[PDB]
Amino acid sequence: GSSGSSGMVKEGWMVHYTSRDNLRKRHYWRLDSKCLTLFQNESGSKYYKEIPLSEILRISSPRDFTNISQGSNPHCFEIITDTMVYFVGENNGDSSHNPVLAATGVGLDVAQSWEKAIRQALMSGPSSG
């Protein structure tokens, strides 16, 4: 019951992969109460891709537990858009508060926060009525 949580301004390094190009990609993901943007680097170069809360239809189920040929680093959530499906999140294998490794944005813990933010922002804003 408060108006203060992660969502207004969130930035960090996140890794994702597309269905067509499984080639994982790591970039400084940035989200806000306006729209989501990607930054290839912190330096400050032309944006990469803009993902408006609108595009993000919804989140898929974790059912699909297959990202790479072989390994133990499944995904946490997936961003489904009218364009294509995006797989974001990486589980290293540890469920505990780690402000040391979670800093970069790697792990399930950190991911859980993002997924909640990107999703929480969907409802946060007013819907057509």
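Residues numbered from 1 in each chain as written, not as in the entry; some residues may be left out. Heavy atoms only, no water.

- As stated in the entry header, the method of structure determination is solution NMR.

## Brief notes about the overall build of the protein chain
- Broken down by element type, the protein chain carries 1 helix and 7 strands.
- Reading the protein chain from its N terminus to its C terminus gives the helix and strand order β-β-β-β-β-β-β-α.
- Since a compact globule built from 129 residues should have a radius of gyration of about 14 Å, the 15 Å found for the protein chain is in line with a globular shape.
- For the protein chain, the C-alpha atoms occupy an extent of roughly 45 × 35 × 35 Å along the three principal directions. (Helix = DSSP H or I, 4+ residues; strand = E, 2+ residues; numbered from the N terminus. Rg over C-alpha atoms; globule rule 2.2 N^0.38 Å.)

## Observations concerning helix α1 (residues 108-124)
- Here α1 is 17 residues long and its end C-alpha atoms lie 23 Å apart, about the 24 Å a rise of 1.5 Å per residue gives.
- Inspection of α1 places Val110, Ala111, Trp114, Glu115, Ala117, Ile118 and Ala121 among the buried residues, and these make up the whole buried set. The arc that holds every buried residue of α1, seen down its axis, measures 155 degrees, which confines them to one face.
- At its buried positions, α1 is contacted by β1 (9-18), β2 (25-32) and β6 (77-80). (Expected span 1.5 Å × (residues − 1). Buried < 20%, exposed > 50% of the residue type's maximum accessible area, 1.4 Å probe, protein only. Arc of directions from axis to C-beta. Contact = heavy atoms within 4.5 Å.)

## Digging into the pairing of β6
- Of the two faces of β6, both are covered, the one formed by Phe77 and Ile79 as well as the one formed by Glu78 and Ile80.
- Bridge analysis of strand β5 (residues 58-59) against β6 gives 2 bridges, and the strand direction is antiparallel. In the sheet register, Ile59 faces β6, and the bridge partner there is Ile79.
- Judged from the 4 bridges that link them, β6 and strand β7 (residues 85-88) form a sheet pairing that is antiparallel. Counterpart to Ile79 in the pairing with β7 is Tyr86.
- Linking β6 back to β7 in an antiparallel pair, the connection comprises 4 residues. (Pairing = 2+ DSSP bridges.)

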